[PDB]
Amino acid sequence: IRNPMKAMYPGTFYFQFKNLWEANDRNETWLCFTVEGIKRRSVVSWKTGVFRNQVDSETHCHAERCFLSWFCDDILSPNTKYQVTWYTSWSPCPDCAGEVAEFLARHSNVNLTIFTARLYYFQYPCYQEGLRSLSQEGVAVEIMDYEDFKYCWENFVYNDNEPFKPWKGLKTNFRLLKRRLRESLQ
């Protein structure tokens, strides 16, 4: 089973996480994570990293599946509360949603929040219901805003101490996507 990368190069971050337009040429999904272990009111562990995949692959090769299989080792330690945060470039498909729901049903000491740059195939009902299902499972699903993109820049990128520079329309696109997500998650 696949280990996470440490970080993205700046060119990849800007390309992969751009919040559209419509992002036709984005046939990968990239996924940044933080995992925080809390035991007796204190941080016992902090792990970060990145998984990726093609939009061509069998669903079981999805970045979220890689994260889930990787995380399920001694990387999980039964007595500890885990806070997992994902920042994904495309929102998760129905089956990943299903797998996460099973994963969380399985491991009840884990919480999860998903920030997503873009909404994947969102005109169609399957991808909407995948998101609703995560919400129902008690998983927060949020559109990435400026501070989320900056947070990723500052944690998951070989940024060479250069600052985060937003692209034109970042904020505009955020609001559109946030409206679409909100509407879909009622």
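We number the residues from 1 along the sequence you see.
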Legend entry - Of 129-137 and 56-64, the stretch whose C-alpha atoms average the higher B-factor in the entry: 56-64
Legend entry - Between 158-166 and 17-25 (mean CA B-factor, as deposited), the higher: 17-25
Legend entry - Ranked against its chain, the third holding the CA B-factor of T34: lowest
Inset, instruction - For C96, return the chain-relative third of its C-alpha B-factor as stated in the PDB record: lowest, middle or highest. - result: middle
Legend entry - Chain-relative CA temperature factor third for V110: middle
Legend entry - Chain third (lowest, middle, highest) by recorded CA B-factor, residue given as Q83: middle
Inset, instruction - Quick one: classify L181 as lowest, middle or highest third of the chain based on its Cα B-factor. - result: lowest
